[PDB]
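Presented below is the structure to which this report refers.
Every residue, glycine among them, receives a Cβ derived from its backbone with ideal geometry; neighbour counts consider all protein chains shown. What is reported rests on the model, the rules as stated and the sources as named; no laboratory instrument gave them.
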Amino acid sequence: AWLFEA
Amino acid sequence: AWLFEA
Amino acid sequence: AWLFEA
Amino acid sequence: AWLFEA
Amino acid sequence: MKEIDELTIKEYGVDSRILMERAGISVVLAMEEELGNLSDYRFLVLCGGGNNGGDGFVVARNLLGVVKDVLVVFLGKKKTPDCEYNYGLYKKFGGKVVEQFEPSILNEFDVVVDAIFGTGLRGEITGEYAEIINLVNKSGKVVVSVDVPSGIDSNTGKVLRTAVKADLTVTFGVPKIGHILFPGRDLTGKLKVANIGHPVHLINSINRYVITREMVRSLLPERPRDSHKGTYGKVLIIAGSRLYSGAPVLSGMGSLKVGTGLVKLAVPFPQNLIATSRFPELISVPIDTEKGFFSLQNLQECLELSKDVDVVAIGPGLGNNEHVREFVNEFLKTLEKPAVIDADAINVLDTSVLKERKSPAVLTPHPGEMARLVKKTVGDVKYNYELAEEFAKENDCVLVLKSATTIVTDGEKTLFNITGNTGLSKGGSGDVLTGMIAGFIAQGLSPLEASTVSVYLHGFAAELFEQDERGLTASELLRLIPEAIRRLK
Amino acid sequence: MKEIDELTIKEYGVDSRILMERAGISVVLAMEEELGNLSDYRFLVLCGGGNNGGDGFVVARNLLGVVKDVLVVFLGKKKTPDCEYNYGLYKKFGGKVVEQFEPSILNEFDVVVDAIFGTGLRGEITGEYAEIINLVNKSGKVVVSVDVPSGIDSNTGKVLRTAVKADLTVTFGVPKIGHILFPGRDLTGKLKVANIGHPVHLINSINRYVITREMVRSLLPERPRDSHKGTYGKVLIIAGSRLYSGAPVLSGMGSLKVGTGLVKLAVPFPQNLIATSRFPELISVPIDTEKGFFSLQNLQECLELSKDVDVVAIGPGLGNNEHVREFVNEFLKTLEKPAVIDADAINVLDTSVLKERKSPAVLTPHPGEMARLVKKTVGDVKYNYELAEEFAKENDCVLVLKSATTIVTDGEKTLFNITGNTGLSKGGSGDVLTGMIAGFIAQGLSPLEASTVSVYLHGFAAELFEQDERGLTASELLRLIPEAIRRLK
Amino acid sequence: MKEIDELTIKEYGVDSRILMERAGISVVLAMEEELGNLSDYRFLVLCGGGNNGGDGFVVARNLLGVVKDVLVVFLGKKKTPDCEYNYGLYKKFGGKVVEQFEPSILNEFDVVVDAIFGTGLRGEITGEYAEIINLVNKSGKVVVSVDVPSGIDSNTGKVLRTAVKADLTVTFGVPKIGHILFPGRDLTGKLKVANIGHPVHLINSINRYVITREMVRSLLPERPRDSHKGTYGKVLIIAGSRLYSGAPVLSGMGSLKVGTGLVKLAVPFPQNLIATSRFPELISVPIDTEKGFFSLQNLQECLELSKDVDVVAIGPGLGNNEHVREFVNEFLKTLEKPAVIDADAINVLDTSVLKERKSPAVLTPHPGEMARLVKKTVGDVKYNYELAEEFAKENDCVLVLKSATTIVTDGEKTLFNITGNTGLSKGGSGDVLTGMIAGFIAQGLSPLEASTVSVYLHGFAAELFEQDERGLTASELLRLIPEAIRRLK
Ligand SMILES: NC(=O)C1=CN([C@@H]2O[C@H](COP(=O)(O)OP(=O)(O)OC[C@H]3O[C@@H](n4cnc5c(N)ncnc54)[C@H](OP(=O)(O)O)[C@@H]3O)[C@@H](O)[C@H]2O)[C@@H](O)CC1
Ligand SMILES: NC(=O)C1=CN([C@@H]2O[C@H](COP(=O)(O)OP(=O)(O)OC[C@H]3O[C@@H](n4cnc5c(N)ncnc54)[C@H](OP(=O)(O)O)[C@@H]3O)[C@@H](O)[C@H]2O)[C@@H](O)CC1
Ligand SMILES: NC(=O)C1=CN([C@@H]2O[C@H](COP(=O)(O)OP(=O)(O)OC[C@H]3O[C@@H](n4cnc5c(N)ncnc54)[C@H](OP(=O)(O)O)[C@@H]3O)[C@@H](O)[C@H]2O)[C@@H](O)CC1
Ligand SMILES: [K+]
Ligand SMILES: [K+]
Ligand SMILES: [K+]
C-alpha cells in the first residue's frame, strides 16, 4: 500500500 | 476440568 | 512449562 | 524483476 | 463465598495460607493457558493490602525466575496476615516491590496482574487507586484480574466510580454475581473459575446459578418413539390486535419450534388470517371484536378455547387500553390453567389477580414493563435480582426479567442466563420467547424449568446466526431454534 | 490536484522533473503487477505534447532494454519543458520516436500506453488524435492510460467526442471525478492510484471522496452488550397506498436489517396487512383513508405516531395526487423529527417546506425525480454533483442522488459511492435504501453518516448475490444486508 | 559505478536529483516487500553528510505521514548538494532531524535505516560514528543498509574497524564486490539490487560478475539424442598414492557425474583397486611405482595414456616430495592436452612450466596452496581478486581460487561464485570439483566456461543436502550433482 491504493 | 470451569 | 518439565 | 534483482 | 472460605478454614481445617497459595497458582496456570509460554513476558503486579493483594503476591512470587521480569506495586497502607506472609515470601525469594506508582511504569511491562481489590471493595474508588486504574485502562496492555476486576461490586456487578477492564479474570470457587450482571460482566472479559480446594458440598450449596449447557440438556423433555401430537401438549395463544397483527405468529411458531404438539392462536378477525398465510401449520381462530381489540365480549369464547389446552400464553400484541385491561384480568382470574403472561397483558395486569390464582403463572417482562408493573424506575429494577425474587415469592409466580443477562426466579431459586447477543435487542424477539416457554410447559416441564430451558435456547439460537448479529430478525431466530436444540445434545 | 502539483513544486520545492519521473515509474510498476513480467511484451507509447506525454516518455525510457520492443508515436506539435526534457532522455538512451501514425502500426505491439491527454484535455478530440483513438479502441490490444483515459473530462467523466477505453488506468495522488462518474468510470477500466511524492497533508485536503470500506467500518454504530431495543432506536415509515402495497414492507425490512430496534409502518388499511403476512416482525398500523391514499384527514394520527419514534421515513409507494401533496407538505412542516424523504413524497414536495424546517432531512431521489423537483431535464441533473451540492446547501439537507455512482452531499462534503451492480436497477431497490438510512439515523448516526454507510452497504449487498445480478430482487437484497455488514468487519 | 553515475548524469543528462529520488524510493519498496505493510513501524534514519545520507533523507521523507514515526539522526558536519536538497525537502515536509545521538534513542524505534556511509567510506570508522554503529549492532532492531552496510569497503568487502550488520541491504545498479566477498557478504544480509534508471548498456559493461543460474543454464552442454560416449569426451585423472588412495575416486566420479563419456584414473598399484571396489564404472589403471608415489619412471606410461583422452586432471592425492615434483613438471611440460592442475600438483608446480605450455590449463588452489605457489601469506592472497587476475594473465591460465566465495578468472574476465555452504569445508570436496571441471572440458566447454559451471553446480549440490550441512561428505556430494543439474534446468 505505500505506492498504490486500489 | 479439575482445575477450571469456563 | 511453568508446572511441568518432561 | 523490473525494479529488483535478487 | 465469604461464608465458604470461613467454613473451609475454621470447620474443615484448611490453613488460610493453603487456600491463598492455591488461588495464586490458579492465576499463573490460567495465564499460561491464555498466553502460552510465559517466559517471554514482563509482569506488573498491582497489590492492595487485603487478601486480594495477598493472592497477587503469590502470583508474583511464582513468576520469579521463570519470566522476563516481575515487579510488584504495593498500593495499600497496611497488610492483612496472609497478605503480609506472602509479601514476606516474595521478598525472601528475591522479589522487587515498589510503593510509588509512576505513569511511565506501564511502558516496561506486557501484562498487568490486577490484585488491588476483590470482594472486599467497599464504596467508590478515588485518589491514587483510581488514577492507577485509569492508567491501566488507557495502556492497552494485557490485563488479568484476580477474583474480580477491581472496582466491580461483586454482589451487583455495578462499577464503583471506576473499574479495571480485564482481558481475563480468574475467580475462585464460584462465579460471583458481579461477573454475571452488567456492567461487571463486560469488564470481566474471559472468566475462568478455579477450584482452590473448597469442599465440593459447599460449592454446590450456592443458591444462585448460571444456566449451563448441561443443566439444559438434562431438562429437555423426552421424545419417546411411540408418541403422537397429544403426547407433546396443546397451547392456546391469546394475542394480537388491529395494531399488532404479527406478534401472534411469532409466539405460535415459538411454541411449534420447541416441539409442541398443537398450537392455536385466538386473534381478532381478519388479523388472524395473517398467521396462516405465513405459517399454515398454525391454527388461528378468528375472534369477532368490536373495534379490533379483545374485550369482555370475548371472555366466554376464550375460556371455552382454554378447556382443550394445557397452557395459555397471553399478551403479545394485545394493546394497552381499558377494554383489554378488563378482559385480561377477568380471564386470568377465571382461567384454571398455567398462564404465560407477556407484553401488554403485563401492562394492564392487576397483580391481586396473581395472588388469588390457584394455577401457576410465568411473567416475562422487560425492565420497562417491570418498572410499570411495580411502580419503580427502569434503573431501580434493572438487574435487581432481589426485587425479582421478592416479587416472584409474593405473587406465587415465575419471573423472567429479560435483559442481556436474564434473571429467572421463583423466589427460592434464581438462575442467570448469559447466552445471546444484541440481535435479540429488537422487537419480536420477546414474542418468540413467550411461545417457547408456553411450549415447554405444554410438554410437561414445570414453569421454572420451561423458563430455564427457553431463555438458554432462545439466546443460543441467536448466536448461531450466520451473518452479523444486528441483522437478525424474529423470523430468522425461529428458524435457528431447532439447530440450537440439536447442538445442545 | 492542479493546485496540489503547483504547491508541491513551488512551495514545498519538489522539482517538477522528480514528480514526472515518479509518475512514469509508477506506471511501469502498475503494468508489471497487472501483466506479470514485462520483458516479453512490445510497447507502443502514444505521447501528446503536454505533461501527460512527458509522463509517457518517462515510461518509454524506463522500458528501453528491458522489454522486447518500445516505440513512441509523438502526436503533438510542440512540447512543454518537462515533456521536452524527457523526450531528450528517451532519445539519448537510444529510444525510437516517430511522428507519423500508420494504422498497421498497432499490428507489431502488444500493449498501448496512452499518454496523449490527461487533465489538460480541453474541448472535443477531432482530426488525427481521434482517428488514432478509434484505431486503438478497435485493435483489441492491452491499453494502459496515463492519469486519465484520453478524451475523458477529468472533472465530469464526460466523453469529449471520443475517448480511449483502457484496461488499466494509473492516476497520480488522488482519483479524479472523471474516474468516478460515468461514462468515464467505464473507460478507466481497473484504476490504480499512485503516490508520486505529494505531501500527505495536501492529498488529504481534497474535499470530494470515494466512500471506502475503511470509512464505512469506522462509522458503523457500536453494539454494546448491555443494550435493548430502545438502545437501537425507533423508526416510523409512512408509506403505501391502494396501488403500492409492497413498497412499505421493503422499507421497513430495510430498517430492521441494518439493526434498528423497532420499526412501525403506517399504511392504508387493508394494505397494511400485506407487510405482516410476509414479515410478522414488522408492526404495520392500519390507516383509515377515504380512497386508498393518505390525505389531510390522516395528519393528526401520523403526527401522533411520530411522537414515539426517532426518525420518520416517508414516500415509498404513496401515490402522486393532490391529497397526498397536501398531506405530505403539512406533515413535514409540522414534524419535529429527522425525516427521510423518498419517492412520491419527493414528487409532491414543496421545497419551501425544507427551508422552514428546524429538524434535519435526507432526500433520496433518482435522477427522474430530481429532474422534476428542480424543474430541469434528467440529462442536466444526472451526475451533476455541483447542482446537488447547491441544492443541499440551499435547502439545509442531505441529498442522495442515486445512480450507478451515487452522490451523497450536504453542500460542504460530497461523497461518491461506487459499490453495486445492475441488480439494483430494478424497482424496489430504492425503497430498501430508504429504510436503511432511516435505520442508521435511529441508531444515532448523523443524516450524512447514515446516508454514507447505507449506500455503500446497499451496493455491497447486491454484489454478494450468488447468481446472475439481473435476477436480483428487493427481497433477496434484504437477505444479503447482514452478510454485507459481516464482511465489512 | 562511480563511473556509471557520472556518465548517466553528465553524458546521458539524468539530473543527479532524479537518480537520488529513485534510490530512496527503491529502499522504501524493498522494505515493504520484506516487512509487509510499513504503517505499523517506527523508523530511525541515520544519515551521514554525503550522497549516502542524501538517499537516506529521500527514504525518510517518503515515510512521512505513512508510518507510525520517522526520525533522522544526522551525523555529518556538512552536506553535499543533493544531500542538502533532500534534507531541505524532509524538513519542508514536516520531518524531524536531530544532530545528537543518545544510546536510549534506539528504544523507541523498530527499524534502523543505515545511510551513514556507502561507497564514499575512506579509512577506519572511529569516534561517534563507531559508537553509533556498535549501539545499532547491539540493539537487535531490524537494520536496512542503503547501498552498502556502513563500514564495509565496497571494493574489497573488508571491515574498516567496525561495520553495520544489516538484515537487508539495497544496492543500486549492480552488486558491489564488497557484497560478494567476506566479511562484507555476511554483513550485507539479504541483498536487493535496484534499477534506479542507469542506461542498461552501462550496467552491462561491468567486467566482474556473479555467476547466476541463467548464465550456468546457457553454458550447460547439449545432449543430442543421437550420441554415444565419444560425444561426451574422455578424461584421464593422474592421482593418488600410497598415502591418499581415496582422492582419485572422488575426482573420477566428479567427471562421470557431470556427464563425461569415459573416465580413466592412473593410480599406483594396489591403490588403484580401491576405486573400482567402490565405483566399478570407473577405469583405474595400475601404475607400477617404486615407493608408492609417481616419479620419472612413470612419465612415459602416463604420456601414452594421455594420447587417447581430451583433458588430463592431475594432483589429487599425489603427495608432495621430490620424485612427484620431477614427474609433475616434466609431464606438464610435455603434455599437449588441456590440464586441470590441483592439490599436490600445485604444491610442486614450477610456474615457468605454465608459461612455456601451448595447451590450456586450469589451476584450482585453495588459499593455503595459492599462498605457497606465489610465496605470500594466506591473508595476502585470500579474496585477492586482483592478484588472481594478474597470476592468470601472466601464466596464460584459468585460476579458480576456492573459498566461501570462489573467484574464477582468466585475467580478462573475473566471476564470483556464491553457491555452497560449510559442508564443502571438508577434505574431499575439492577433489570432486577437479573432476567436474575436467569433465566439462572433455564435453567441449572452454576452460573458463567449464570452471564457471562447475563451481556453481558443486556449491548448489551442497545446498541440496537434506540433513545438517556439517555432516555432508564428498560421497554424498557426488550423489547430489545430478539433482543440481536437473534443478538448474
Ligand atoms: N411485530 C409485532 O407485532 C411486535 C409487537 N410487539 C408488541 O408491542 C407491544 C408493546 O411492547 P413494547 O415493549 O414495545 O412496549 P411496552 O411493553 O409498553 O414497553 C414499555 C416501555 O418500555 C420501554 N422499553 C421498551 N423495550 C424496553 C427494554 N427492552 N428495556 C427497557 N425498556 C424498554 C419503551 O419505552 P421508550 O423506549 O418509549 O422509552 C416502552 O414504551 C407489545 O404488546 C408487543 O408484544 C413488540 O413485541 C414488537 C414486535
Ligand atoms: N413494489 C413497489 O411497491 C414499488 C413501488 N414503487 C413506488 O412507485 C412509485 C413511483 O416511482 P418511480 O420511480 O417509478 O416513478 P417516479 O418517481 O414518478 O419517477 C419519475 C420518472 O422518472 C423515470 N425514471 C424512473 N426511474 C428512473 C431512474 N432510476 N433514473 C431516471 N429516471 C427514472 C420514470 O420515467 P419513464 O421511465 O416513464 O420515462 C418515472 O416516471 C414510488 O412511490 C415508488 O416508491 C417503486 O419503488 C417500485 C417498487
Ligand atoms: N580423501 C583423500 O584422499 C583426500 C586427500 N586429500 C589430498 O591431500 C593432499 C593435501 O591437501 P591439503 O589441502 O590438505 O594440504 P596442502 O595442499 O598441502 O595445503 C597447504 C596447507 O594449507 C592449509 N589449508 C588446508 N586447507 C586450506 C584452506 N581451505 N584454506 C586455507 N588454508 C588451507 C593447511 O595448513 P594447516 O591447516 O596445516 O595450517 C595445509 O597444510 C592433497 O593432495 C589432497 O588432494 C585432500 O583433498 C583431502 C581428502
Ligand atoms: K482484583
Ligand atoms: K492519457
Ligand atoms: K550505508
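Among residues of region E:452-479 being surrounded by fewer than 24 Cβ atoms within 10 Å (Cβ to Cβ) and within 13 Å of the chain's Cα centre (by Cα), the one that is farthest from the other protein chains (Cβ to nearest Cβ) is E:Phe460. Filtering region E:14-30 to residues that are of a type in the set (D, E, K, R) and either part of a helix (DSSP H, G or I) or closer than 24 Å to E:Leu191 by Cα (or both) leaves E:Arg17, E:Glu21, E:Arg22.
Select, from E:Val143, E:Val148, E:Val164, the only residue that is assigned to a strand (DSSP E or B) and away from ligand 2 (no atom under 16 Å from the Cβ).
Details: E:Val148 fails: assigned to a strand (DSSP E or B); E:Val164 fails: assigned to a strand (DSSP E or B).
Residue meeting the stated conditions: E:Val143.
Please verify whether region F:329-342 includes one or more residues that are under 17 Å from F:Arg242 (Cα atoms), in contact (Cβ under 8 Å) with a residue 12 or more places away in the chain and more than 16 Å from ligand 1 (Cβ to nearest atom).
As a first pass, look at region F:329-342 and keep what is under 17 Å from F:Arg242 (Cα atoms): none.
No.
Of the residues making up region F:2-13, not a single one is farther than 24 Å from F:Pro199 by Cβ, assigned to a loop (DSSP other than H, G, I, E, B) and within 14 Å of another protein chain (Cβ to nearest Cβ). Select, from F:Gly254, F:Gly259, F:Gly246, the only residue that is touching a residue at least 12 places away in the same chain (Cβ under 8 Å) and touching a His at 6+ places or on another chain (Cβ under 9 Å). Checking each option against the conditions leaves just F:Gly254.
Examine region G:235-258 for a residue that is over 23 Å from G:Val455 (Cβ atoms), surrounded by fewer than 22 Cβ atoms within 10 Å (Cβ to Cβ) and touching a helix residue (DSSP H, G or I) at 6+ places or on another chain (Cβ under 6 Å), and state whether such a residue exists. Yes, some residue in region G:235-258 is over 23 Å from G:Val455 (Cβ atoms), surrounded by fewer than 22 Cβ atoms within 10 Å (Cβ to Cβ) and touching a helix residue (DSSP H, G or I) at 6+ places or on another chain (Cβ under 6 Å).
Taking the residues in region G:174-197 that are in a loop (DSSP other than H, G, I, E, B) and more than 10 Å from every other protein chain (Cβ to nearest Cβ) as candidates, determine which candidate is farthest from the chain's Cα centre (by Cα). Break it down stepwise before answering.
Keep residues of region G:174-197 that are in a loop (DSSP other than H, G, I, E, B), which gives G:174-176, G:181-183, G:189, G:195-197.
Filter once more, keeping what is more than 10 Å from every other protein chain (Cβ to nearest Cβ): G:176, G:181-183, G:189.
On the way: G:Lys176: 12, G:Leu181: 7, G:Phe182: 9, G:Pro183: 12, G:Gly189: 15 Å.
Applying the filter and picking the extreme gives G:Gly189.
Looking only at residues in region E:231-247 that are within 20 Å of F:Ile274 (Cβ to Cβ) and polar (S, T, N, Q), the one that is farthest from ligand 2 (Cβ to nearest atom) is E:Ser241. Yes or no: region E:403-410 includes at least one residue that is of a type in the set (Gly, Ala, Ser), touching a residue at least 24 places away in the same chain (Cβ under 8 Å) and facing another protein chain (nearest Cβ under 9 Å). Yes, that holds for at least one residue. Of all residues in region F:198-208, those being in contact with a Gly (Cβ under 8 Å, 6 or more places away or on another chain) and not in a helix (DSSP H, G or I) number 2.
Check whether at least one residue in region E:37-46 is part of a loop (DSSP other than H, G, I, E, B) and either away from every other protein chain (no Cβ under 12 Å) or surrounded by fewer than 21 Cβ atoms within 10 Å (Cβ to Cβ) (or both), and report yes or no. The answer is yes; a qualifying residue exists. Residue under question is G:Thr171, and the condition is that it be more than 18 Å from G:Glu34 (Cβ to Cβ) and β-branched (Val, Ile, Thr); does it hold? So G:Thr171 does not fit the description; no.
Anything in region F:230-280 that is assigned to a loop (DSSP other than H, G, I, E, B) and over 19 Å from F:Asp310 (Cα atoms)? List them, or say none. Lay out the reasoning, then the answer.
Keep residues of region F:230-280 that are assigned to a loop (DSSP other than H, G, I, E, B), which gives F:233, F:239-246, F:258-261, F:269-271, F:279-280.
Passing the criteria: F:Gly240, F:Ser241, F:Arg242, F:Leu243, F:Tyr244, F:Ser245, F:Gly246, F:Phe269, F:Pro270, F:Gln271, F:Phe279, F:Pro280.
Applying a threshold of 9 Å to beta carbon distances and a minimum spacing of six or more residues, or different chains, the list of pairs starting in region G:306-328 at a residue that is over 14 Å from G:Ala239 (Cα atoms) and away from chain D (no Cβ under 14 Å) and ending at one that is part of a loop (DSSP other than H, G, I, E, B) and within 16 Å of ligand 4 (Cβ to nearest atom) is empty. With respect to the stated conditions, F:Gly94 is in a loop (DSSP other than H, G, I, E, B), under 24 Å from G:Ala23 (Cα atoms) and not aliphatic (A, V, I, L, M). Against the numbered list (1) surrounded by fewer than 17 Cβ atoms within 10 Å (Cβ to Cβ); (2) within 13 Å of ligand 4 (Cβ to nearest atom); (3) not in a loop (DSSP other than H, G, I, E, B), E:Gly54 comes up short only at (1). Listed conditions (1) free of Cβ contacts under 8 Å to residues at least 24 places away in the same chain; (2) part of a helix (DSSP H, G or I); (3) within 23 Å of E:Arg278 (Cβ to Cβ) are all met by F:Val285, apart from (2).
Scanning region E:442-451 for residues that are surrounded by fewer than 23 Cβ atoms within 10 Å (Cβ to Cβ) and either under 13 Å from the mean Cα position of the chain (by Cα) or not assigned by CATH to the domain that holds E:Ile481 (or both) turns up nothing.
Regarding region E:108-117, can at least one residue be identified that is more than 16 Å from ligand 1 (Cβ to nearest atom) and either within 14 Å of chain G (Cβ to nearest Cβ) or part of a helix (DSSP H, G or I) (or both)?
If we filter region E:108-117 for residues that are more than 16 Å from ligand 1 (Cβ to nearest atom), which is where we start, we get E:108-117.
Those still in the list that are either within 14 Å of chain G (Cβ to nearest Cβ) or part of a helix (DSSP H, G or I) (or both) too: E:108.
Yes - at least one qualifying residue is present in region E:108-117.
The residues in region G:290-304 that are touching a residue at least 40 places away in the same chain (Cβ under 8 Å) and either in contact with a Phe, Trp or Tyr (Cβ under 8 Å, 6 or more places away or on another chain) or surrounded by 19 or more Cβ atoms within 10 Å (Cβ to Cβ) (or both) can be counted, and the count is 3. For the residues G:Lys96, G:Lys91, the requirement of being more than 23 Å from G:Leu168 (Cβ to Cβ), surrounded by fewer than 20 Cβ atoms within 10 Å (Cβ to Cβ) and away from every other protein chain (no Cβ under 14 Å) singles out G:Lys96. The sole residue among G:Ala361, G:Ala404, G:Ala388, G:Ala392 that is more than 20 Å from G:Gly319 (Cα to Cα) and touching an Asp or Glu at 6+ places or on another chain (Cβ under 7 Å) is G:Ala392.
Considering only residues in region E:357-375 that are farther than 20 Å from E:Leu181 by Cα and of a type in the set (D, E, K, R), the one that is surrounded by the most Cβ atoms within 10 Å (Cβ to Cβ) turns out to be E:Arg357.
If the requirement is being surrounded by 19 or more Cβ atoms within 10 Å (Cβ to Cβ), of a type outside the set (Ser, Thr, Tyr), under 19 Å from F:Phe57 (Cβ atoms) and more than 16 Å from ligand 3 (Cβ to nearest atom), which of these qualifies: F:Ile116, F:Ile177, F:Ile125, F:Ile133? Walk me through it before giving the result.
Numbers: F:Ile177 fails: under 19 Å from F:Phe57 (Cβ atoms); F:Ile125 fails: under 19 Å from F:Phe57 (Cβ atoms); F:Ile133 fails: under 19 Å from F:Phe57 (Cβ atoms).
Selected residue: F:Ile116, the only one of F:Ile116, F:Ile177, F:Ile125, F:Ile133 that is surrounded by 19 or more Cβ atoms within 10 Å (Cβ to Cβ), of a type outside the set (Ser, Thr, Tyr), under 19 Å from F:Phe57 (Cβ atoms) and more than 16 Å from ligand 3 (Cβ to nearest atom).
Scanning region F:215-239 for residues that are without any contact (Cβ under 8 Å) to a residue 40 or more places away in the chain and within 11 Å of another protein chain (Cβ to nearest Cβ) gives F:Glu222, F:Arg223, F:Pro224, F:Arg225, F:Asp226, F:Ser227, F:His228, F:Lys229, F:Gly230, F:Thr231.
Screening F:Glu34, F:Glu6, F:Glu21 for residues that are more than 28 Å from G:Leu89 (Cβ to Cβ), more than 16 Å from ligand 5 (Cβ to nearest atom) and under 32 Å from the mean Cα position of the chain (by Cα) leaves exactly one candidate, F:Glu34.
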